[PDB]
Amino acid sequence: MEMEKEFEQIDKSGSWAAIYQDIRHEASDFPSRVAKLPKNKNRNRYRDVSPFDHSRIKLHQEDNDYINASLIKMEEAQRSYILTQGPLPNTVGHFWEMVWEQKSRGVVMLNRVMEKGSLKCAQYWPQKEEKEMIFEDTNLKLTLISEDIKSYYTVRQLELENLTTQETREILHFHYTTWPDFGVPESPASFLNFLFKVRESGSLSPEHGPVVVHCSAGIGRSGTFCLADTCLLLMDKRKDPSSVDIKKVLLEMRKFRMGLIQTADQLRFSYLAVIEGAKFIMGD
Ligand SMILES: N#Cc1ccc(Oc2ccccn2)cc1
């Protein structure tokens, strides 16, 4: 059923809350035993958001291999994403270790450091060229190379150095800066442009490790980003673009990380983004 017609049917009936709860009811439930170990309590921002054991990212160290991050592997679409929480003061070094070990080219950030007058994640990147950051626990160095500030997002070029081997890599930071404190954007126009800006970069492409995507918990806005990307790519390689079932794609992604899409407004916004993004893909 063409999703644009399904959309108008849900909107006219005002059943967004009822659709959303059906997804919550059918979603996968797998063990998260490593996340709940007492040694890992200060590695978790929220007590109710944990990565499943089967899909969690492991740090390459014998001490403690735990980070709040999950590998989402989509098969027909042939895309991988790592979805993680906003780093904590004690997990900034773990975060950059993961970016290094997984060979990621891009980091996507969908939140501000402060929202609603509270801290949503640590200041984990350098703000000035001449004041670089060193993470002593993971032996990494991070330098701001350049910054391009636009109206809806900022792109930063960073240099990450493995102080152990003296190899360096260029990491692109894509920072979406205008998601509102409450609700969802009124139009998906600025959100879709941003995805194409990550796309254009090569950060989503198979010659690199998976893109690292985060918000505060790494399920809400982060969920919206990878659901829209995957839906639009399937609409491209399939004879009938109308086959694409946004809900069934979202249940496949919830097999890898719990809670993706946190509200009925985020679910509606995901529909709008895919519907709009498809008009300039089906050849416009
Ligand atoms: N990559 C990918 C992917 C494609 C399809 C998926 O689920 C369905 C199932 C039946 C009809 C439509 N979509 C889930 C993931």
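Method reported for this entry: X-ray crystallography, 2.0 Å.
Note: Cβ is positioned from N, Cα and C throughout, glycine not excepted.
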Which one, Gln157, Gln166, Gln262, is listed by Swiss-Prot in the same substrate site as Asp181, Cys215, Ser216, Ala217, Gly218, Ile219, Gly220, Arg221? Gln262
Just to confirm what the record says: which one of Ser28, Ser242 has phosphoserine annotated in Swiss-Prot? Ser242
From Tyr20, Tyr271, the annotation phosphotyrosine in Swiss-Prot is attached to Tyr20
Check the candidates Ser50, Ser205 against Swiss-Prot and report the one noted as phosphoserine. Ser50
Would you mind telling me which one of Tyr66, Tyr81 Swiss-Prot calls phosphotyrosine? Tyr66
Max CA to CA distance in Å over the substrate-binding set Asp181, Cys215, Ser216, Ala217, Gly218, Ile219, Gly220, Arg221, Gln262? 16
Sequence-distant neighbours of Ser243 (phosphoserine) in its chain (C-beta under 8 A, six or more apart): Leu234
To the nearest whole angstrom, what is the C-alpha distance linking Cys215 (active site, phosphocysteine intermediate) and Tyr20 (phosphotyrosine)? 21
Here the modified residues are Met1, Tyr20, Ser50, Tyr66, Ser242, and the Cα closest to that of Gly218 (substrate binding site) is found at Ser50
Far apart in sequence but close in space: which same-chain residues, 6 or more away, have a Cβ under 8 Å from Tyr66 (phosphotyrosine)? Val34, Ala35, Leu37, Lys39, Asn40, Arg43, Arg56, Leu59
Here the modified residues are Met1, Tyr20, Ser50, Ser242, and the Cα closest to that of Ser216 (substrate binding site) is found at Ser50
